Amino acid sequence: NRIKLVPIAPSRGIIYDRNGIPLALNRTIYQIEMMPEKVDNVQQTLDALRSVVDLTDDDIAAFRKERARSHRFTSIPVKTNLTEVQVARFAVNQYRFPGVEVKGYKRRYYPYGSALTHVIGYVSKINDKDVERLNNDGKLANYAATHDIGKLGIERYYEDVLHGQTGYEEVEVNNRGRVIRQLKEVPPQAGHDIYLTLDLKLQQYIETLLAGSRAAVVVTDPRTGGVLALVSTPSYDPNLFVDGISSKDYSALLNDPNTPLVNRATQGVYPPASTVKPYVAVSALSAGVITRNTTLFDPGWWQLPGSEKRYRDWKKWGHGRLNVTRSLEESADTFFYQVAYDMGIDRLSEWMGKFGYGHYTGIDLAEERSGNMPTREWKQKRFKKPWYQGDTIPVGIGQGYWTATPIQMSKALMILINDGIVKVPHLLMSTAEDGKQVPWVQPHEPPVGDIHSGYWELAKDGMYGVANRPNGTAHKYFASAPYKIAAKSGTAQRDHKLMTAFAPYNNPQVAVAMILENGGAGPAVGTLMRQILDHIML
């Protein structure tokens, strides 16, 4: 009698929100299966199982189909998602069906569904590209018995820690190859549990707020850089994928013109527009190209020197006399056209790079786009043409060649809150491991500029002004909040409507970057931002 070694799949780790609420869980699914070769009399066995597991003609049809679409010595499923009654009936009849096995498989389960689709992700059936990636990564040995894998979100990014260590058993088999006894068992080690910074309740609030809008929201804690909410709408049910997605259902998601499969928070690429002005302002002051007292008169436009090209301000007849404070408050364009000119693309792109623009944020998701912080070298490589001075001007107001993701907006916003201290936006709070608890470690990222300058305060005072002072663009949304809100809006290209904000202005506890594509399906981005900040601060 042969002794065989058989791998044992580990239990996939649990994912918990910041309050210990489990977000991704494991269900056991039971099925009976057989290798028809190993079964003496298949048709006899199938018919007797009509009585025992409520095997139907439909069940037999699918089995027979799957018997062909499968190779020799495959274990073909006979009946799936057995009820526990049916498993029990089979158990006490097991001795009558040599070669029919009853097996339990852990499937992943997402209790809160579409509220966490993009950030949590889903696990589903391994495919050949997954094999390739595992083989090329030298992980394939540890998947001998694993048939599903994280495909996006946290489930993918932390696949290695969530997966665990495969174990094995020595089992005795007789002739015809049927399992008699288990000799030895080296059990698997479960994946580590993962504790996230997300607040489930805030995430569901926001998803429900967004309704049928194409939108993205990133809520962070600036003290930590932890992501408290990361929502992209429209979403979808990740559970659809866990036990294989219907082609009808999957094609319904691909063909949706609202693109629910895109994670807009990390892959949505948009002109950041006037949201960038506080960081441009800090950069100009730091670079000495402006002072808190620098002023210019704005007639509603700005002409590039040595050229007839004029760049318009949103305000038709201008803002009159502007310093940096009033230009932030009123999202003046003309003032920042001038700052761009004086900085030059080289310094302006270098500074905005320090704010993270054009760079991956470091967030612990693998679905991300870097956007574009234009430079001379980039324009040369990308279009052959060299950089013209007029290309610099729209960069000053977050337009032109400039594109960013909402997660990049969140990272730059936090840098400003923390006076140049760079905190990576992350979802991981800690991993269980044993439980030998291991917290997430902020990678060494040098600060931006000079911590001990007053430029940071100046830019944030403008954002306070945006939200509170009567000339501020966002006064109608934020001025009446008990706690003090600071904010900065932008408009891209209907038109995408963007909003950054943090609260309370005193000691900020929350930072929010959000965007409603084409104004959203209902309210204004300013109203939704006030509701979110209200909900958080109550």
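Position 1 is the first residue in the sequence shown; the rest follow in order.
Engineer: What number of residues from the deposited sequence go unmodelled in the gap from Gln493 to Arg494, classed as none, 1 to 3, 4 to 9, or 10 or more?
Structural biologist: Unresolved stretch here: 10 or more residues.
Engineer: Given the B-factors recorded for C-alpha atoms, which segment has the greater mean, 451-459 or 398-406?
Structural biologist: According to the PDB entry, the answer is 451-459.
Engineer: Please work out which of 111-119 and 385-393 has the higher mean CA B-factor as recorded in the PDB entry.
Structural biologist: Higher mean C-alpha B-factor in the PDB entry: 385-393.
Engineer: At the C-alpha atoms, which of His71, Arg96, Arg214, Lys277 reaches the highest B-factor in this entry?
Structural biologist: Reading the PDB entry, the winner on C-alpha B-factor is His71.
Engineer: Per the entry, which of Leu261, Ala88, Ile363, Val441 tops the list for Cα B factor?
Structural biologist: Each of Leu261, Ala88, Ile363, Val441 was compared by C-alpha B-factor; the highest is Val441.
Engineer: Compare the C-alpha B factor of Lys354 with those of the other modelled residues in its chain, then answer lowest, middle or highest third.
Structural biologist: Its C-alpha B-factor, which the entry lists for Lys354, ranks in the middle third among residues of this chain.
Engineer: Report the third (lowest, middle or highest) to which the CA temperature factor of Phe502 belongs, ranking only the modelled residues of the same chain.
Structural biologist: For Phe502, the deposited C-alpha B-factor lands in the lowest third.
Engineer: Split the chain's modelled residues into thirds by Cα B-factor; is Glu169 in the lowest, middle or highest one?
Structural biologist: Middle third by C-alpha B-factor.
Engineer: Please place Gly288 in the lowest, middle or highest third of its chain by C-alpha B factor as given in the entry.
Structural biologist: For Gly288, the deposited C-alpha B-factor lands in the highest third.
Engineer: By the record's CA B-factor, is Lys309 among the lowest, middle or highest third of residues in the chain?
Structural biologist: Tercile = highest for this residue's CA B-factor.
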